[PDB]
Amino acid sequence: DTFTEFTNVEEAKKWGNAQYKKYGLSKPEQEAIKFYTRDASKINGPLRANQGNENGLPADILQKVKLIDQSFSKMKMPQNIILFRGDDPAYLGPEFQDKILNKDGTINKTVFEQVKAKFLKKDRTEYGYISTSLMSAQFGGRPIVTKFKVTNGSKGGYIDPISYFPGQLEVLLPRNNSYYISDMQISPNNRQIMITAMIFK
């Protein structure tokens, strides 16, 4: 089946709202997700620190992580969907973060080959949750943009109605969520890396 890519904010909120209405997230689930949206680093940072071992987390963060994890029992994609995330060169790791951009702001083409060797057609797992949006335009100036293709039934949910930052049209996906990088390209303007990644659960 096609993957839906929302063409505008109105249609996106319509689809997101329709799914959100079915979640029945608990009060503590909602508050934990809202806290995450206020500053995701307060959750994803500790998860990275502890290499996903929720048991090494501070007790307050553990309680929120268990809630956010639990929320995904209620939030599954109803259709194959396209989601977006912007990022900076640190996404590529210390050995590339300061080399992937030329001084003139374009992607270093030779270094990009090594970036592909490291990442392309390989799975990657992040210890943090994945924050995406239904829409892509807000990422047009970021050094890296990822298009996630997420199939029907995969865990994840539209959280804009409970976000600290309404209008971001965020779809949150689980932590420790392996994705497959299926494509990586330098953009037409030579100033962005465009990644496609695939998630099936």
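In this text, residue numbers run from 1 along the sequence as written.
Novice: Tell me which of 176 to 184 and 13 to 21 has the higher mean C-alpha B-factor in the deposited entry.
Specialist: Averaging CA B-factors over each stretch, the winner is 13 to 21.
Novice: Quick check: 54 to 62 versus 38 to 46, which has the larger average CA B-factor in the record?
Specialist: Stretch with the greater average CA B-factor: 54 to 62.
Novice: Please pick out which of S154, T146, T132, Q138 has the largest Cα B-factor as recorded in the entry.
Specialist: When the deposited C-alpha B-factors of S154, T146, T132, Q138 are compared, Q138 is largest.
Novice: In terms of recorded Cα temperature factor, pick the maximum from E126, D123, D88, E113.
Specialist: Within the set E126, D123, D88, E113, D88 shows the top C-alpha B-factor.
Novice: Lowest, middle or highest third: where is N108 by C-alpha B factor in its chain?
Specialist: Top third by C-alpha B-factor.
Novice: Check where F96 lands among this chain's C-alpha B-factors and tell me if it's the lowest, middle or highest third.
Specialist: For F96, the deposited C-alpha B-factor lands in the highest third.
Novice: Place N102 in the lowest, middle or highest third of its chain's C-alpha B-factors, as listed in the PDB entry.
Specialist: Highest third, going by the recorded CA B-factors of the chain.
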